[PDB]
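Take a look at the structure set out below.
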Amino acid sequence: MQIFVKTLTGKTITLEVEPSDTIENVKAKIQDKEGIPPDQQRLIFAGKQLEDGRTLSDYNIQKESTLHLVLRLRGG
């Protein structure tokens with residue numbers, strides 16, 4: 001399935017994934033494309049901060065969903 005990731009600079013990252021992929025699978029795929037390490041990524045679906053070992057299915061994430069990408073800071 002195709003999902004859509006929106007970054008703070010407004011970049012649209014388009015990812016083929018499958019619903020049983022993890023949010024750490026997501027973080028690795030985006031690094032492959034944009035050079036961002038998973039450690040600095042925080043990922044938000046519908047106001048909710050997403051946790052790494054959980055699956056896209058478990059969050060109710062399916063095709064054509066908008067997900068949002070945040071950079072974690074130094075102090076936080």
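A Cβ is built for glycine as well, from the same backbone N, Cα and C atoms used for every other residue.
As recorded in Swiss-Prot, the features of this protein are as follows:
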- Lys6: ubiquitin cross-link (CROSSLNK)
- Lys11: ubiquitin cross-link (CROSSLNK)
- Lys27: ubiquitin cross-link (CROSSLNK)
- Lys29: ubiquitin cross-link (CROSSLNK)
- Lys33: ubiquitin cross-link (CROSSLNK)
- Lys48: ubiquitin cross-link (CROSSLNK)
- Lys63: ubiquitin cross-link (CROSSLNK)
- 1-76: domain 'Ubiquitin-like' (DOMAIN)
- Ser65: phosphoserine (MOD_RES)
- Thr66: (Microbial infection) ADP-ribosylthreonine (MOD_RES)
- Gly76: ADP-ribosylglycine (MOD_RES)
- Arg54: site 'Interacts with activating enzyme' (SITE)
- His68: site 'Essential for function' (SITE)
- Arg72: site 'Interacts with activating enzyme' (SITE)
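Neighbour counts of Cβ atoms within 10 Å were compared across the recorded sites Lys27, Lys63; the minimum falls on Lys63. A gap of 12 Å separates the Cα atoms of the residue listed as '(Microbial infection) ADP-ribosylthreonine' and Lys11 (ubiquitin cross-link). Nearest Cα neighbour of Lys48 (ubiquitin cross-link) among the listed recorded positions (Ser65, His68, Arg72, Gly76): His68. Around the Cβ of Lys29 (ubiquitin cross-link), the number of neighbouring Cβ atoms within 10 Å comes to 17. Distance from the CA of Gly76 (ADP-ribosylglycine) to the CA of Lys29 (ubiquitin cross-link) is 24 Å.
Among the recorded positions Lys33, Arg54, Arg72, the residue whose Cα lies closest in space to that of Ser65 (phosphoserine) is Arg54.
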